[PDB]
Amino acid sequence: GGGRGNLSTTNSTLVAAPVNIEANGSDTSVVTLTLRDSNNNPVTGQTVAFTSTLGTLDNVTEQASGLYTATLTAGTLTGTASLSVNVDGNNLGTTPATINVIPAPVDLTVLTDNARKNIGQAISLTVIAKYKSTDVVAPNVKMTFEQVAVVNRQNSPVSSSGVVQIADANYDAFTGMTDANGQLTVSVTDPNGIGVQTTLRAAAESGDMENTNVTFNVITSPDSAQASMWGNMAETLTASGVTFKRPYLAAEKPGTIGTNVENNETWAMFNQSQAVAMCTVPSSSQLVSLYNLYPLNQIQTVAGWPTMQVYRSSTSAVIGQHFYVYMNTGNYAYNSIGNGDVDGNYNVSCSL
């Protein structure tokens, strides 16, 4: 209230024009103190200083009739700038003016180091923000991420895959800002994915947005344009000089009647005569040796091959029946009662 008590906090006013500026490091507003005593006379020749919670101020200067002005320049942080005033270093308790520092309009670019990887790997996703229609980077822009689409490899929507992770948490928990170069880089993973392409939308606090797709392959689907899901199943496996081919999708062998739906894919299935007409069928001991390399159903959980149904072998058990192998456990058997060789529609891993 001044040393002499003549400065009036009710007759004095502090105002700003405009009261909205963008957090772009360049928008400006004029702060005007009208300094008045208890009789509403102007108080001239005073040493006036302003403070602001956001942005920066230049030096205060005095104009006619006890008006004191300074220019505020926005910073790059959004919020409400609260303005205060002091005279000779003592606070003048006039009502604080405020300025809304609103988000800066930006254009977003979204880059991924590779758009398609395997479950267990991480995709590096970078958002670059520039002030709208310019090449000037926008630092300290608040960013969020949203999953806006999830499809399999045949454009079908998927609602049963896991939540994509950003920085090892659900995408909707992420908060962060662009850095001094206008960039925000995050690590994307899909540990609970089932083989889907996820569209992630980056949104700046201004409401400006941009999309990018990330795909995480599931081991239990083949990397084929005809597969239902996005996958990286082993094409072949080798055990002690014997090479084994993954089973065929039904879509890869349209001429066979047997089918099996397993791990979200439809597989071709064969009786004994169909198998041997198609390729060399490995012996039962060869298949068991492959099991021993990937035991305890790791034929499925490491290499991705479907193991609920047995695999045919070329080893004769009894007249008219050949052993088949459970590639989840390494067990092997035959079936005379059900005539397995003729009526059984089983998996075939070809020997290459």
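For every residue, the number given is its place in the sequence shown, counted from 1.
Student: Should the higher mean CA B-factor in the entry be assigned to 195 to 203 or to 160 to 168?
Tutor: The stretch with the larger average C-alpha B-factor is 160 to 168.
Student: Comparing 316 to 324 with 40 to 48, which stretch shows the greater average C-alpha B-factor in the deposited entry?
Tutor: Mean B over CA atoms: larger for 316 to 324.
Student: Tell me, please, which of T126, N232, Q121, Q272 has the highest C-alpha B factor according to the deposited entry?
Tutor: In the PDB entry, the greatest C-alpha B-factor among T126, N232, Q121, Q272 is found at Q272.
Student: Which third, lowest, middle or highest, does the C-alpha temperature factor of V342 belong to within its own chain?
Tutor: CA B-factor rank for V342: highest third.
Student: Sorting the chain's modelled residues by C-alpha B-factor, tell me whether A16 ends up in the lowest, middle or highest third.
Tutor: CA B-factor rank for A16: middle third.
Student: Sort the modelled residues of this chain by their C-alpha B factor and say whether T144 lands in the lowest, middle or highest third.
Tutor: Ranked within chain, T144 CA B lands in the lowest tercile.
Student: Sorting by Cα B-factor within the chain, modelled residues only, which third would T32 end up in: lowest, middle or highest?
Tutor: Middle third of the chain for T32's C-alpha B-factor.
Student: Split the chain's modelled residues into thirds by Cα B-factor; is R116 in the lowest, middle or highest one?
Tutor: Answer is middle: the recorded C-alpha B-factor places it there.
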